[PDB]
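Computed from heavy atoms alone, side chains included, the values below leave out hydrogens, waters and symmetry copies. In listed order, ligands and their atoms are each counted from 1. Naming: A, B, ... by sequence-line order, numbering from 1 per chain.
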Amino acid sequence: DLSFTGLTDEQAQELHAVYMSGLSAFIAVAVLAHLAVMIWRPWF
Amino acid sequence: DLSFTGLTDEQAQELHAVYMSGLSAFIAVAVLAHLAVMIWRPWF
Amino acid sequence: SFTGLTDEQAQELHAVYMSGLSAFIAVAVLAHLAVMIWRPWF
Amino acid sequence: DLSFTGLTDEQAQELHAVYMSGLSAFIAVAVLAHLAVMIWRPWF
Amino acid sequence: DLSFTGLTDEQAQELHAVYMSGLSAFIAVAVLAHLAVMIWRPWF
Amino acid sequence: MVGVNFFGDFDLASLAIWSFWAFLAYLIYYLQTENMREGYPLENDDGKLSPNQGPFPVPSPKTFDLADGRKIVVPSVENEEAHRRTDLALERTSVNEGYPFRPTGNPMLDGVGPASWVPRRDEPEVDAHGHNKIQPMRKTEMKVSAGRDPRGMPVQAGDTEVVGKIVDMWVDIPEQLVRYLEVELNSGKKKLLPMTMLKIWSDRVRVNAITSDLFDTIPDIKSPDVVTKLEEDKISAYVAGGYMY
Amino acid sequence: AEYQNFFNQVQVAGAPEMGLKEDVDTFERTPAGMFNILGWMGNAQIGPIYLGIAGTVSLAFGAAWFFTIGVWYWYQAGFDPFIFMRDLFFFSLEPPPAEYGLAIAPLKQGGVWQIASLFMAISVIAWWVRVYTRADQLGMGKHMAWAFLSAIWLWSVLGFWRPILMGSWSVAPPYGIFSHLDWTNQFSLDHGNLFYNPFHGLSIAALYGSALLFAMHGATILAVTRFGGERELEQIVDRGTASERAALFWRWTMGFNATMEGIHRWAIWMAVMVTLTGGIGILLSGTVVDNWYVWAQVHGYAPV
Amino acid sequence: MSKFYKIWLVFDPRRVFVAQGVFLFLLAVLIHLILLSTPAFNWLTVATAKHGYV
Amino acid sequence: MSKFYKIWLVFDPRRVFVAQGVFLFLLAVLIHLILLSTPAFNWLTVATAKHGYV
Amino acid sequence: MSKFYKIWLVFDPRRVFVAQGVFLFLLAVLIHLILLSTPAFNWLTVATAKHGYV
Amino acid sequence: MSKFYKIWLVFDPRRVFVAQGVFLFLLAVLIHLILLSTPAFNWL
Amino acid sequence: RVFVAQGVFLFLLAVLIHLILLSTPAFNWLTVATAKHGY
Amino acid sequence: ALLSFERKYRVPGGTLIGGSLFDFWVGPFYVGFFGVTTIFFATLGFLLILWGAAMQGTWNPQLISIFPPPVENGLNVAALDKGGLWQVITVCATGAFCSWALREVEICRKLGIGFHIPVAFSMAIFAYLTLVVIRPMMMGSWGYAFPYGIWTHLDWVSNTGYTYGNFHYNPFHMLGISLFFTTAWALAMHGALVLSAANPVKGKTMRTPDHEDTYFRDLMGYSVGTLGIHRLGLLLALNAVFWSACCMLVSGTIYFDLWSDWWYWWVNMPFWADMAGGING
Amino acid sequence: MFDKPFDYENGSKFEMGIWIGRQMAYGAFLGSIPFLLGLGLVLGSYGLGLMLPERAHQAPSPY
Ligand code: BCL
Ligand code: BCL
Ligand SMILES: CC[C@H]1c2cc3[nH]c4c(c3C)C(=O)[C@H](C(=O)OC)c4c3nc(cc4[nH]c(cc(n2)[C@@H]1C)c(C(C)=O)c4C)[C@@H](C)[C@@H]3CCC(=O)OC/C=C(\C)CCC[C@H](C)CCC[C@H](C)CCCC(C)C
Ligand SMILES: CC[C@H]1c2cc3[nH]c4c(c3C)C(=O)[C@H](C(=O)OC)c4c3nc(cc4[nH]c(cc(n2)[C@@H]1C)c(C(C)=O)c4C)[C@@H](C)[C@@H]3CCC(=O)OC/C=C(\C)CCC[C@H](C)CCC[C@H](C)CCCC(C)C
Ligand SMILES: COC(C)(C)C/C=C/C(C)=C/C=C/C(C)=C/C=C/C(C)=C/C=C/C=C(C)/C=C/C=C(/C)CC/C=C(/C)CCC=C(C)C
Ligand SMILES: COC(C)(C)C/C=C/C(C)=C/C=C/C(C)=C/C=C/C(C)=C/C=C/C=C(C)/C=C/C=C(/C)CC/C=C(\C)CCC=C(C)C
Ligand SMILES: COC(C)(C)C/C=C/C(C)=C/C=C/C(C)=C/C=C/C(C)=C/C=C/C=C(C)/C=C/C=C(\C)CC/C=C(\C)CCC=C(C)C
Ligand SMILES: COC(C)(C)C/C=C/C(C)=C/C=C/C(C)=C/C=C/C(C)=C/C=C/C=C(C)/C=C/C=C(\C)CC/C=C(\C)CCC=C(C)C
Ligand SMILES: COC(C)(C)C/C=C/C(C)=C/C=C/C(C)=C/C=C/C(C)=C/C=C/C=C(C)/C=C/C=C(\C)CC/C=C(\C)CCC=C(C)C
Ligand SMILES: COC(C)(C)C/C=C/C(C)=C/C=C/C(C)=C/C=C/C(C)=C/C=C/C=C(C)\C=C\C=C(/C)CC/C=C(\C)CCC=C(C)C
Ligand SMILES: [Fe+3]
């Protein structure tokens, strides 16, 4: 496979899985915060 | 059949496939946002 | 040839470039038709 | 099995455990301070 | 045996114990100063 | 054209300022690309090609024509290879990037860190006439016209010791500038001391960069009357490395 | 306590260098000499100067312009040498009044100013030709001529192009020490706080940047004079440790660096920019914008 | 055309991706700022009018 | 699509993570300051009006 | 996720700790200065009004 | 927790002690300067 | 180096303190003299 | 990433504080203790400027302005909403500039070069401190310093200059203006000369320094030299900044009237003051 | 001479505490250098202004 960074395919898959878990947690927290703000002070 | 980057034809095809999937996701999200804005506050 | 390309590579590259140009021009024509229908400037 | 820093898996786990203990202490103190301020001067 | 400083584990433990004793003394002095200020001029 | 707008509030001044913004963007791009003719492509700590090379591409090669028929293509593999040091006595201090490299042996003798030298071409720098640019004053008709003449003065090192005496000066003939002092050590060997890293007192020449023990290992010139660019680089690197080492 | 290489510790001198021949007529070169006072910071040689045609024309007409201003000052002093010294900085050779427009004015009412201006223009054009031809005969790249052209552009905008566009010579600055400062201040006052001219701000940015960049470059070169860093051309063709250390200093400091050759491109463009933008800013004043503060208010960088 | 993938035979992916990300962010910021500078489409101002916040 | 992991074959995670952290911090600070600059959505101002602090 | 510890396989802990300390101190100082810039939440001015010595 | 001593396996204590002294002194100076802003707590 | 620096420091300090006293009308000895002697 | 020649120079040592605690690089940037302090101060100043923009109520980058406390405040520490934010930003800027200079000193020590660059930067730091600290305190109030805004500090410059009539007549000011003009002229000449030697007429070989000396001797009869021109440029810039600082130091502290009126002692010297004729009668 | 290493092996607790105190005191002195320089600059400028004529403190506000 093509790899500019030197990583392999499986290393990239594992790193992306961890990164996606972190991103999912971040997005969930952001969604909860936006729901709270919308309930407290809607902007639409 | 030139290659300034050094990639092969199949590597370019795989890269384009992933890139087009990402672009399709981005464009779909943008279309949904535009539809929501048009419903909320049309500009035409 | 200052670029190092050959005749056939140049022809294929130009063919793909012309395909992209044709797509862009077609989209521009459709956009201008829509604008002219909505708000003519002539 | 990539390791940019040269640490092993168990070393990373131990470092993360201690780091999470420190973060937990910091967050607990921050929560107590926020509750005290909320009682003293609510901002919501 | 992960060490970036050339310190053994027991040396680190003893140094931390001494450092924490001094830190507690410093906290006590700061608490005394804060109580003196609070008696002289409360800020709450 | 006062108050004459092409559209809205856009007048000649607005056109001029926006055109200047576009021209300045292009000029910044051009200036940055012109300054990437040396040191590229980027490498990692292991000397391998860096995955990230920056947003600015390396420009197309340019050629310098020398007076002796030699051609230099500054952004080329040959130029980078000719100026690349080999067998460096260095060791990584960490697996991570961005950490310093530790000298394995004697940094001043190995020529690393502040004592690093670049393998310049092993020929003397010449003037427009082809004569050597830097020659000892005994080979010229120049004379001291001002300042203090250091010839015959003792040389004192940074440890307050006398290591020798000045015997001759080396002068940039086209520029009429003294660049090196030649010192005869107490062991009879002759060395070259850069003018920019010494002080001339009323009675002595003081060199604080290095101590007495280091004067004996100063790099040497192959010929007693000619100094090459590589020798200049080595001597300057050795003397300047004494401040840290 | 170390040697900072601001002044030479010892001076040496032989026969003066008379210059490379190339395609230059050596008959036009004067003799040369030495001046030891100039050898402490630079070269002690007052070398030969090329005479030629362009230099002769420039010298004659520049001296004519200088002497025209001087004799006007003597007339304003009423032949009194003591009044001449007492009011030397207050004398002024003013342009013709706005009534005469662009036509030739009477001597007492701007004709002397027009004569001096024509002499000055001839001298400046001749000197530009001299710069270009001295570059050409030695086989050099004409960069000095193009750099001079930007200053000429600002100078001609101040005195020729803007007066033509405004319809009168009266808007040109006068020939005087204090009087042209008053002209500068009055120009700013008349065109509504020239501070708010965007090209004026660009010119000021370029001037500050020229000072900053020359400070940076001079300090960098003097810092690497231990390794012969001032021999810039040889470093360009044969890179030494001086260039590498300078580049690494600036890369470690601000994340990006230059080369021994491209730093001079930065320098020349930064220095050209002040006059290049200043000419545009002056040309826009009065012809396109007459109140820069109101223009700034309209375009969103002044309060309303 | 099915041969657009050949653009990756001409352009290096890394610089293209970096430039595309920067360009998309700047374009989105520009459009959002244009909307915000127009009171008719400033969603904060419209919300303030709709809910009587100020 | 489930082949986005190949982005780590193009960009090194360390640089991407640093850039992402900087971007997210600056964006969050900017949005918070934009809300604070608007009295309708300045939560400190709303709390002051609600609780009569001034 | 239970695999977040692998971040220490990507980033050197020393530089991470330095950056985290600088960032947290900067953030705390910024929030305190923002609160002090608001008279309603300036606790020194609040204490001054409450006890009444100046 | 009891495993915080391992911080001395990461950062060399002497340099850390110097940096901590700098930080603590500057923090005290900053707090005093902040207190000078309000007249009620201006001790001068 | 030490002697020259000390001399400069002492001279500048003395000049500064004398100027401080002079600018104070209460301690200005010339002002005191002209007030007392009716100059 | 590293330049192709960078590896042999990244060696330990040269730090002023902390030893090897901060002796590492982040990308191309060397960090050090003073780099840590620089990043802290710079980020704090930038975020406080943004917060002051939030308080002002404008997000136009050309309209944001943080003003110092009013003149009536004296030297007191002002409230954050009444000029104290300006003081905090000023402290952050001073800390960042000094930390930058000390980081440059550390980088110089690591590379084994001189300290001309940090000394020259300290000159500009002195000018900045003159405008924000020395002169306002000699005038008795923080309110005389300039504000932090792209055009409001230009308004401050205009008002300060017109406090004394036409500021062109300040003599140190004239000297500084002449030095700045000379610096720009010399920079143009140096860049052009080096580029013309490096990029000769097509078909010609690269020119030597002898060509540069010959060119400038032919044009004007004198050549200062490469070392000479670098020394001269550095000294010109430093003197320009120093004399500008002096011109601002003497204005409003020991001189309060019009400088154009100052220039009249030469005219009013009694041996020719009453001589009729000329401009001044 | 001020920032010195500690001999952890063959080192007593009292000496360790004294060494930590000395290191922190040296850090405090280093951090006091800029504070003292800034305080001196401000106060010296204010004193010089106090020694200036009366018109120095009566300039019109530039705002
Ligand atoms: C020197 C005497 C006066 C003064 C008189 C003027 C005048 C007169 C003019 C300027 C102009 C400018 N001044 Mg001012 N200026 C002063 C003090 C300062 C200080 C300072 C902390 O000392 C700074 C940072 C600035 C900054 C600036 C820039 C916005 C602009 C172009 C300068 C330039 O290119 O310089 C050379 C430096 C470089 C080329 C390098 C790059 C520097 C960049 C451009 C600085 C950007 C600063 C940014 C807007 C704000 C910084 C804080 C942020 C939080 C990062 N001024 C004092 C009070 N200044 C001009 C302008 O256009 O104003 C609108 C102008 O006409
Ligand atoms: C109250 C006065 C106004 C003002 C009014 C003007 C006006 C009006 C002008 C400038 C101009 C300039 N101003 Mg302004 N300016 C003000 C405040 C400032 C401040 C500040 C407050 O700090 C600064 C830094 C500046 C800075 C500057 C420069 C950036 C700019 C061009 C300079 C230059 O190269 O000039 C001098 C250089 C030349 C004239 C080029 C000369 C070229 C010729 C070919 C050479 C000489 C001829 C011949 C050889 C001579 C004889 C030599 C013999 C050897 C004897 N201004 C205020 C707001 N300023 C100019 C500009 O471009 O503005 C946009 C301009 O015309
Ligand atoms: C990038 C813009 C900057 C710049 C650039 C620049 N100027 C340049 C150049 C460049 C690149 C040149 O190539 C050119 C040059 O040759 O420089 C050495 C020049 C030059 N810039 C000059 C001046 C100059 N540049 C200025 C500005 C700047 N020039 C900008 C900052 C200024 C300002 C700030 O006002 C001045 C005054 C000249 C030194 C030179 C152009 C020389 C020239 O044009 O000569 C023809 C003019 C005359 C001969 C006039 C008369 C001179 C004497 C007064 C004659 C009378 C006296 C008589 C000879 C003796 C009398 C003795 C007794 C009897 C009294
Ligand atoms: C000989 C004196 C000249 C000079 C010299 C000089 N300046 C230098 C150097 C040198 C030799 C450097 O080594 C150094 C450098 O690294 O350059 C690349 C520097 C430098 N000169 C700079 C700018 C600069 N120099 C100027 C002037 C000059 N510098 C003089 C003419 C000017 C002018 C006239 O306006 C400017 C803008 C920087 C690019 C750089 C120093 C960078 C630095 O300090 O970085 C650390 C700080 C930050 C990244 C940001 C801090 C932000 C603050 C915390 C908040 C903002 C506060 C500020 C007061 C707001 C101002 C608002 C304005 C609208 C007023
Ligand atoms: C604008 O924002 C404001 C300022 C309003 C609020 C911002 C505030 C912050 C963020 C404040 C502080 C953050 C921190 C992190 C403060 C400090 C925390 C620490 C970690 C303080 C460390 C104190 C440690 C001290 C003095 C060292 C004590 C060690 C002393 C000598 C050496 C140990 C030797 C000891 C021998 C034995 C002696 C003791 C006994 C009991 C015998
Ligand atoms: C005032 O003027 C206005 C603003 C009104 C004018 C309006 C103007 C314009 C000019 C608007 C836009 C023009 C464009 C050109 C908009 C953008 C079009 C594009 C080109 C959008 C691109 C979307 C691309 C996206 C998200 C990226 C998808 C790629 C995603 C991850 C990357 C996946 C590809 C990969 C990862 C590499 C992995 C594969 C291998 C084999 C390693
Ligand atoms: C003016 O315009 C305004 C401001 C009004 C509106 C314009 C707005 C925009 C354009 C806002 C934002 C656009 C974006 C694109 C914002 C960012 C969205 C993202 C992409 C957020 C990413 C969050 C990612 C997060 C938390 C993940 C960080 C990842 C982690 C913890 C996972 C750690 C990963 C890996 C640890 C270690 C694996 C190691 C091994 C050895 C397997
Ligand atoms: C104020 O004045 C106004 C503005 C009112 C009027 C002024 C107006 C003007 C000056 C308007 C326009 C002038 C022009 C010249 C507009 C543009 C004409 C063009 C030339 C448009 C070209 C669009 C080109 C497009 C889409 C093509 C992009 C090409 C591609 C996708 C093809 C990709 C190529 C190659 C992929 C890969 C093939 C590789 C192999 C190995 C076969
Ligand atoms: C006005 O509203 C604004 C604008 C301010 C909104 C802006 C807001 C933001 C951006 C708020 C915060 C975002 C964040 C990212 C806050 C912080 C999150 C974190 C991640 C805080 C982390 C605190 C971490 C703490 C205490 C841990 C320090 C760790 C330690 C003591 C333990 C490490 C020592 C160790 C591990 C042993 C390792 C060595 C061995 C040999 C095992
Ligand atoms: C004893 O003393 C003697 C008599 C020997 C000589 C003493 C002499 C003095 C005192 C000479 C000069 C004193 C001054 C003060 C000279 C000038 C200083 C300045 C500041 C000259 C500034 C000229 C400034 C500017 C913008 C002029 C630019 C000039 C131009 C473009 C020239 C315009 C050219 C041509 C207008 C108009 C041609 C059109 C016609 C109809 C001829
Ligand atoms: Fe140069």
Side-chain angles (χ1 to χ4, degrees), chain B residues 1-3, chain C residues 9 12-25 28, chain D residues 11 14-27 30, chain E residues 2-4 12, chain F residues 6, chain G residues 58-67 70 119-120 123-124 126-128 130-131 143-152 154-155 207 210 268 271-276, chain H residues 1 3-11, chain I residues 21 24-25 28-33 35-36, chain J residues 8 13 17 20-21 23-24 27 30-31 34, chain K residues 1 3-7 9-10, chain M residues 47 51 177-178 180-189 191-192 216 219-220:
Chain B
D1 49 352
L2 50 89
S3 185
Chain C
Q9 301 182 314
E12 191 186 22
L13 172 78
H14 180 71
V16 182
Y17 174 84
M18 291 304 298
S19 174
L21 185 152
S22 299
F24 191 85
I25 294 310
Chain D
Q11 296 175 328
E14 197 61 52
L15 198 158
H16 191 65
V18 189
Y19 176 86
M20 291 307 287
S21 297
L23 184 145
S24 301
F26 189 83
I27 296 308
Chain E
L2 174 64
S3 179
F4 305 101
Chain F
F6 308 109
Chain G
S58 184
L59 177 64
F61 282 85
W65 163 81
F66 188 78
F67 285 147
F119 288 161
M120 183 183 209
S123 183
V124 170
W127 194 263
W128 185 93
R130 172 178 177 93
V131 168
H143 298 71
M144 198 74 60
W146 311 132
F148 190 26
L149 199 59
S150 179
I152 292 181
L154 170 64
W155 162 83
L207 180 71
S210 295
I268 190 180
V272 158
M273 271 306 193
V274 8
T275 41
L276 182 56
Chain H
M1 171 142 280
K3 309 177 177 298
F4 281 169
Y5 68 91
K6 295 168 173 297
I7 191 60
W8 307 119
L9 298 180
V10 181
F11 275 116
Chain I
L24 293 181
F25 176 57
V29 166
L30 174 66
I31 298 181
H32 282 90
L33 290 177
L35 292 183
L36 281 178
Chain J
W8 309 117
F17 292 161
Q20 173 186 280
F23 167 81
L24 286 181
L27 179 67
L30 175 65
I31 300 178
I34 285 182
Chain K
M1 74 178 318
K3 301 280 190 59
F4 285 165
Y5 71 92
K6 316 198 114 176
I7 190 62
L9 301 181
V10 177
Chain M
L47 295 182
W51 166 240
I177 288 182
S178 302
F180 271 101
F181 287 167
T182 316
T183 301
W185 170 68
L187 187 72
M189 290 191 308
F216 252 104
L219 180 60
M220 47 183 300

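More than 12 heavy atoms of other residues, nucleotides or ligands lie within 6.0 Å of NZ in K:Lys6, so this atom counts as buried by the packing criterion. The environment of D:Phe26 atom CZ is sparse: at most 12 non-hydrogen atoms of other residues, nucleotides or ligands sit within 6.0 angstrom.
Using a 4.0 Å threshold on non-hydrogen atoms, atom 18 (C) of ligand 8 does not count as touching the protein. Inside a 4.0 Å radius of atom 21 (C) of ligand 8 there is not any protein heavy atom.
Within the structure, ligand 9 lacks J:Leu30 among the residues with a heavy atom less than 4.0 angstrom away. Using a 4.0 Å cutoff on heavy atoms, J:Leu24 counts as a contact of ligand 9.
In the vicinity of C:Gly20, heavy-atom distances shorter than 4.0 Å reach the ligand 8 atoms 26 (C). Atoms of ligand 8 lying under 4.0 Å from at least one heavy atom of B:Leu2, given by number and element, are 41 (C). Contact atoms of ligand 8 toward C:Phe24: 26 (C) (distance under 4.0 Å to a heavy atom of the residue).
With hydrogens left out, the protein atom closest to atom 14 (C) of ligand 9 is J:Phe23 CE2, 3.9 Å, a heavy atom. Protein heavy atom in closest approach to atom 29 (C) of ligand 9: D:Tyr19 CD1, 3.6 Å. For atom 25 (C) of ligand 8, the closest non-hydrogen atom of the protein is C:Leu21 CA, 3.9 Å. The single protein non-hydrogen atom nearest to atom 40 (C) of ligand 8 is H:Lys6 CB, 3.6 Å, given as residue, atom name and distance. The single protein non-hydrogen atom nearest to atom 42 (C) of ligand 9 is D:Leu15 CA, 3.6 Å, given as residue, atom name and distance. Scanning all protein heavy atoms for the shortest distance to atom 1 (C) of ligand 9 gives J:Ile34 CD1, 4.1 Å.
Between D:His16 and J:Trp8, the ring planes are tilted. Angles from 30° to 60° get that label.
Using a 4.5 Å heavy-atom cutoff, the side chains of G:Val131 and M:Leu219 are in contact.
Near ligand 3, residues G:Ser58, G:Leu59, G:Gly62, G:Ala63, G:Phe66, G:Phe67, G:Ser123, G:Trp127, G:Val131, G:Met144, G:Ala147, G:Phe148, G:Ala151, G:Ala271, G:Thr275, M:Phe181, M:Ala184, M:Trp185, M:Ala188, M:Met189, M:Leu219, M:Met220 each place a heavy atom inside the 4.0 Å sphere around the ligand atoms.
Residues that satisfy the ring-ring contact (aromatic ring centres under 6.0 Å, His included) test with M:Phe216, not counting sequence neighbours, are absent from this structure. Partners of G:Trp127 according to the side-chain hydrogen bond (donor to acceptor under 3.5 Å, both in side chains) rule, which considers only residues two or more places apart in sequence or in another chain, do not exist here. Residues satisfying the side-chain hydrogen bond (donor to acceptor under 3.5 Å, both in side chains) criterion with G:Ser210, sequence neighbours excluded, are absent altogether.
Closest heavy-atom approach to atom 2 (O) of ligand 9 within the set J:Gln20, I:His32, D:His16, D:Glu14: this belongs to I:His32. Taking only non-hydrogen atoms, the option from I:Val29, K:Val10, I:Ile31, K:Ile7 nearest to atom 7 (C) of ligand 9 is I:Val29.
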